[PDB]
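Below you'll find only one chain, the form deposited in one PDB entry, shown as structure tokens.
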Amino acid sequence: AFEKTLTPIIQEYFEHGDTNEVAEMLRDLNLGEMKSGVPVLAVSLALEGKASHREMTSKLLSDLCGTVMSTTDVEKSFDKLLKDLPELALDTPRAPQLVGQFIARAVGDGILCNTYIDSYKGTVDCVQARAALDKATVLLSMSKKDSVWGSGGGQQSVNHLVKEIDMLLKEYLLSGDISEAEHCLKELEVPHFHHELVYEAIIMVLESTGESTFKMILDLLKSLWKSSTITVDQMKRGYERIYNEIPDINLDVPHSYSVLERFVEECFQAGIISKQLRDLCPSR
């Protein structure tokens, strides 16, 4: 019933994001011995969710540490965490690697003192604990940035998300790597904003010279379509946005109405939008 007490508190935090509400709740509970319990739970839960949660958890720990518990408490928790890796790694295959990133972040944030890792020197006969530690080590050396986790999540600003979605697309045009793009799209964790993806990828073709961008963006969308990575709805609202904004796009791109139409046709042709949607495309 201490996991029953604490799990809701932490899961809710995951929804709202406000570590103060978590702090208070804990103060109002008076744990003492079991303070070091909390960071064990939280990390466990975060290991079974997405990066965004893992980010939120590092942050919760930074804040909780000072104000509701000590680095002494923190250090115990990670000791526990590494004790557990073998079991954790059964529900979270990359658990060693991931705990290594929490560790690395927790040094970084001084909730783990600067000799935590070397305190493990010539000790482990646990292969997975040592892998956790190596990762943290390596990570820590080469950060002599901003986040080991991503920066996706519905907790980010449309601005930030726009910058990523842009990154992502600019990147694909040089990579050619559809899979790398699917991945980046997933890490944003923002499936009701996928219409931006579609939107910005079409605008890229509109403003582009030659046949390349054309071909590449059409390949991208076809693949995303074929796997359902992007939903029909989200593809729809994507086009509908261009449809509606093609006057203004046309300011910067005189030929815009021309490619738009040529492009939209090749979509219908490759099976990825309906007739309804293809027929609703502005003519000149």
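From 1 onward, residues are counted along the sequence shown.
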### Message
With respect to the deposited sequence, is there a break between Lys144 and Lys145 in this entry, and if so is it 1 to 3, 4 to 9, or 10 or more residues, or none at all?
### Response
4 to 9
### Task
Could you check the entry and say whether 204-212 or 190-198 has the higher mean CA B-factor?
204-212
### Task
Could you settle it for me: does 77-85 or 166-174 have the higher average Cα B factor in the PDB entry?
166-174
### Task
Would you mind checking which of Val43, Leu60, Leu224, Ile249 has the top Cα temperature factor in the PDB entry?
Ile249
### Query
Taking the values straight from the PDB record, which of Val124, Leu133, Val158, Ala106 has the highest C-alpha temperature factor?
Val124
### Message
Considering every modelled residue of the chain and its Cα B-factor in the PDB entry, is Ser36 in the lowest, middle or highest third?
### Response
middle
### Message
Please say which third, lowest, middle or highest, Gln269 falls into when its CA temperature factor is compared across its chain.
### Response
highest
### Summary
Among the modelled residues of its chain, the C-alpha B-factor of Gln276 falls in the third labelled highest
### Message
Ranking every modelled residue in this chain by its Cα temperature factor as given in the entry, which third contains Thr67?
### Response
highest
#### Entry: Position of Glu48 among the chain's modelled residues by C-alpha B-factor, lowest, middle or highest third
lowest
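One more form of this protein exists, namely the form deposited in another entry; it is left out here, but the text below deals with it.
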### Query
Are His192 and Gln11 closer or farther apart at their Cα atoms in the other form than shown, with the shift being 3 Å or more?
farther
### Query
Any idea whether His192 and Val43 get closer or farther by CA distance in the other form, knowing it moves 3 angstroms or more?
farther
